Amino acid sequence: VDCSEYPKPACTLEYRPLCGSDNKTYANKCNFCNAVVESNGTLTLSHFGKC
Amino acid sequence: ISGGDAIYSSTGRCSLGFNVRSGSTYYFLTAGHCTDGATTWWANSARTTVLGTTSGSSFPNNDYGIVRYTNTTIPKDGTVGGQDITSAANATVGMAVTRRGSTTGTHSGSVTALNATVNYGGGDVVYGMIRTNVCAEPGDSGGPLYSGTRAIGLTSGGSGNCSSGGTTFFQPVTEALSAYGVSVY
């Protein structure tokens, strides 16, 4: 995932689940990318869809 | 199926905006970021019940799209849940509004600003947006903003959530209706 433009204050509101390397389901790209910023970039994408 | 209800693409879930028509042809409006790249829409997470097919999409710059119904069986209520919709109107600052979406249900508040520019990043800038104090969460995109019997907008994006509160932005529905020559019913 390209998070090179985050953190972003405003996100679109689609539900597009992503499964992180932390075993948590992120609701969409914008939530995932802000969570990548929050993890100090340790978080990666395990797969597309729910964990 | 009516405004705020779950709709499912091949990759996720958004919300139905309003049911609309042109002559005898029925459609629904939703967000343009939902319709962008999507073809088929389903009524269920199993993707075994087809709703219809994407007929148009305008994202960025705006945030609206339209899906033509192909399913003759599914009811196409001219409502947002129990609320009858009978006209469309432009948003005004202070207007009493309600949003419905497939994640958070029905939430009420007010229009705080008009003509907001919202930069989602990567060249995805939307102009002319309605700003409100109503919260929303992922899956709510595309859901109606309405004021009684009047359709006002379609859920685009926001900040925050329905636990601590937030700010949500909406595509004026009149622009979507004009684009496709459709009307609420």
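Proteins come first, then strands; the chains are lettered A, B, ... in the order of their sequence lines, and each starts at number 1. These numbers come from the heavy atoms of this one structure, side chains and all, not from hydrogens, waters or symmetry mates.
- Note on B/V50 and B/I74: separate hydrophobic clusters, where clusters join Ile, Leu, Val, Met, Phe, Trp and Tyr whose side-chain heavy atoms are under 4.5 Å apart, directly or indirectly.
- Linking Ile, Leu, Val, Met, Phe, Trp and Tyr whenever their side-chain heavy atoms come within less than 4.5 Å puts B/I7 and B/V67 in one cluster.
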If the cut-off is 3.5 angstrom, what donor-acceptor pairs do you find between chain B and chain A?
from: B/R13; atom 1: N; to: A/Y15; atom 2: O; distance (Å): 2.9
from: B/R13; atom 1: O; to: A/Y15; atom 2: N; distance (Å): 2.9
from: B/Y120; atom 1: O; to: A/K8; atom 2: NZ; distance (Å): 2.7
from: B/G122; atom 1: N; to: A/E5; atom 2: OE1; distance (Å): 2.5
from: B/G139; atom 1: N; to: A/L13; atom 2: O; distance (Å): 2.7
from: B/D140; atom 1: N; to: A/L13; atom 2: O; distance (Å): 3.4
from: B/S141; atom 1: N; to: A/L13; atom 2: O; distance (Å): 3.0
from: B/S141; atom 1: OG; to: A/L13; atom 2: N; distance (Å): 2.9
from: B/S141; atom 1: OG; to: A/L13; atom 2: O; distance (Å): 3.0
from: B/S141; atom 1: OG; to: A/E14; atom 2: N; distance (Å): 3.0
from: B/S156; atom 1: O; to: A/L13; atom 2: N; distance (Å): 3.4
from: B/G158; atom 1: N; to: A/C11; atom 2: O; distance (Å): 2.9
from: B/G158; atom 1: O; to: A/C11; atom 2: N; distance (Å): 3.0

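- Tracing side-chain contacts under 4.5 Å through hydrophobic residues (I, L, V, M, F, W, Y), one never reaches B/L177 starting from B/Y185; they form parts of separate clusters.
- Following chains of ILVMFWY side-chain contacts shorter than 4.5 Å, one cannot reach B/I130 starting from B/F169, and the two form parts of different hydrophobic clusters.
- Cluster membership check: B/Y26 does not share its hydrophobic cluster with B/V20, using side-chain heavy-atom separations under 4.5 Å among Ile, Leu, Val, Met, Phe, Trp and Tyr.
- Counting only residues at least two apart or on different chains, no salt bridge (charged side-chain N to carboxylate O under 4.0 Å, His left out) pair has a member in residues 64-76 of chain B.
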